[PDB]
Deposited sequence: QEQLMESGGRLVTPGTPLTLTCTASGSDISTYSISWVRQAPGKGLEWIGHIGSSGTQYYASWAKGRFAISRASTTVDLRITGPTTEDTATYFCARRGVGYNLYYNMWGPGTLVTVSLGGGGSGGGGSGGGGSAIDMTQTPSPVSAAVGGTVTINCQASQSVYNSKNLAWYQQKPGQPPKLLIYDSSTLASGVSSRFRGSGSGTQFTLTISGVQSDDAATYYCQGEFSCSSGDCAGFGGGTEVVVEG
């Protein structure tokens, strides 16, 4: 399990550090990702197992990622109401590609005085029990090495769950009712044999050429509602 800690209510301009712990994180590389209330996932940046740092361009000067021994930290440098969000830490899975196999459930930060586009199917999409639904994911520029694209399932208050990585590889332990397809700029998630418990928001997530823009991006999410 990953666990995020340290979220609280702060006034604008008050530095705040969140922590990411496991129950051995020292071998793990970790990204920070946030989600404003009712909105989609947004990548902040990434720290390597030995401290190498990568940032989303929008996050520069707003977030500082560090680590030591048992913990990976995120300092929110000078917060504003723009930063009210749940913050997640996520471990990169096996290999060389940027996708995440484990998430925490998030920590909530509230701030108060008191060019990549990934377009998914519009929310909501309706599906009947026992049926089959397909979800689209189109990226404005191609994902790295053609196939570096993952899919996650997110339910309220729960860690996002990896379903598919490398466009079509089923994550460990996930139902084969989920199929990923596509390449380059165009991808699909197919849910076969729909069940009540498949009601969730689904996110695609690309790795991208770090010299062409940010190293990672997310689609806007597609909520599936089950009849």
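Unmodelled regions of the deposited sequence, numbered from residue 1: 1 to 2, 26 to 27, 119 to 132, 246.
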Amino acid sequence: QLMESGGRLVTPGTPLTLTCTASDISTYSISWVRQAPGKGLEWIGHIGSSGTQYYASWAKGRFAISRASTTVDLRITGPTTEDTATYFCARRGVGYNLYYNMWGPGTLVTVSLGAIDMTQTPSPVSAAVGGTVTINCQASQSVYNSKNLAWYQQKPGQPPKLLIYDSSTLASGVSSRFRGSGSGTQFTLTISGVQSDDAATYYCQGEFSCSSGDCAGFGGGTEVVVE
From here on, numbers count along this sequence of modelled residues.
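Averaged over their C-alpha atoms, the temperature factors of 24 to 32 and 159 to 167 are higher for 24 to 32. As the entry records it, the average C-alpha temperature factor is higher for 124 to 132, out of 72 to 80 and 124 to 132. In the PDB entry, the Cα temperature factor peaks, among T201, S50, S176, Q186, at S176.
Note on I116, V109, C89, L149: the highest value goes to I116, judged by CA B factor as recorded. When the CA B factors of the chain's modelled residues are split into thirds, the value for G193 lands in the highest one.
Annotation for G61: C-alpha temperature factor in the lowest third relative to the rest of the modelled chain, per the entry. Ranked by Cα temperature factor within the chain, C137 sits in the lowest third according to the deposited record.
Ranked by C-alpha B-factor against the other modelled residues of its chain, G40 falls in the middle third. For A85, the recorded CA temperature factor ranks within the middle third of the chain's modelled residues.
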